[PDB]
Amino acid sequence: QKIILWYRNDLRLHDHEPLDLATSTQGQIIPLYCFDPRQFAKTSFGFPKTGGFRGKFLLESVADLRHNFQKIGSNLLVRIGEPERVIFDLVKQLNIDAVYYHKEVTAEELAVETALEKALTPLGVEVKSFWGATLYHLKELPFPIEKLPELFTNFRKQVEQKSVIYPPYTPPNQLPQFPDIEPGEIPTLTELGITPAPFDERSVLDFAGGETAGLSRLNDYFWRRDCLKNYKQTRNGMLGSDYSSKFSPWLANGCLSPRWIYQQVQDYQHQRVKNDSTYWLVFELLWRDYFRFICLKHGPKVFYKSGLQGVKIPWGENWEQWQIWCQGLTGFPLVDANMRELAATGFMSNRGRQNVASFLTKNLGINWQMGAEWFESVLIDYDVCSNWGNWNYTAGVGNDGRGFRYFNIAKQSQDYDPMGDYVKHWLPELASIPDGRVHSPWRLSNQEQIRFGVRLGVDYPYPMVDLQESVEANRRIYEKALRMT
């Protein structure tokens, strides 16, 4: 009769089975979001657990969720504290009969679920969890999770052949009255202890948190601007808002459901064009599904330094070299521009993420966990499974069927930034080097350095490694570690 709808990374009213089931019972529904202080502490290497870019986006997303509940006659209860304690107190305060929530798959989130169930079972309060973050739901997979294929291509073949994607649930348009209790202040970044990040106008979007803004972004990218038809051709871009969907920060905290996006793709294919690009956006959502299922199957191994594959590697952890990567002072413009874009905006293109993660692990040989945690801190779109899964894959410990692979920074620079437009946008100190030559500033003569206004070792660093020598050294280490496994 009285149900708390506990929200975490599912900040929406569309495609929300817990909300759908609760509204069908006609009991009193009490939506709740808890700001969990453990989310605003530190990662193991000491970075803010939630940096300022994602913090601002989260606060905007929680405010929008509250507003959207208010529009249909309810509200969102907001509290600060550990949910296993906050919900226990609220259950006693309001004589709650049931708590509904969405299932997570990684250790920290599972510990909260376990502690909550332990706290509530003495009270006889029903706890009901729902699977809701993926395109294909766990129950539609053609295999148990223990038999999830260890290669993505095999996962994709089997689900596309044998499984069905279902339409999103439609949100309710009316809810019972909110209880006569203090609604709760949504805290500021200051109150959470998070440093606010000034806006950099070069941000690919002025990202705004919330289901409302995420739905509008899809409306812009699919319908108003008709970009989806070109997605496969543009998705390796690094400048501009519309080289890709930019749906990721809304998918990561659940402002958008992948099943809602998929329904819109089906509509676009029916109404405009069906081609390799409309499929490829779904293809990338499938990668998102796969990393989440991989984390479900393998549990905490995705966080172990030896990774999903269990390969013990003598990774380096030199702080000075790591800091140079973090600050984009490596001397390689493609890497440096991407790291500085991340530090200024909280976002990095997929093409950039592949390159900087390869540089850290294949050129510097530095522990991939240090990169994964930096991404966790700074990314506006941090998704634990996609981030930690992708870092395992990049580092060669993901069972990806490829062995030692690496990104040739020189070739990637020519292929994806041939005129230097991207690196000059983020590295103004290099912007007067003639196009293309900008990717190898170490080749400039003393006279050219003066003419183009940039002196190596002063205005822009010399390369911190030789690309070829460093990859060869780390390849040998990887090969030996693989042999010893």
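Residue numbers here begin at 1 and follow the sequence given.
When the two stretches 31-39 and 48-56 are set side by side, the higher mean Cα temperature factor goes to 31-39. For the two regions 321-329 and 303-311, the entry's Cα B-factors average higher over 303-311.
The PDB entry gives the largest Cα B-factor of the residues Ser440, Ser432, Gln70, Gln26 to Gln26. Per the PDB entry, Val273 shows the highest C-alpha temperature factor of the residues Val204, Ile194, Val273, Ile181. The entry lists a Cα temperature factor for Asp336 that places it in the lowest third of the chain's modelled residues. Among all modelled residues in this chain, the alpha-carbon of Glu17 has a temperature factor (C-alpha) in the middle third.
In this PDB entry, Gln449 carries a Cα temperature factor that places it within the middle third of its chain's modelled residues. Per-chain ranking of the deposited C-alpha B factor places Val458 in the middle third.
When the modelled residues of the chain are ordered by C-alpha B-factor, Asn367 sits in the middle third.
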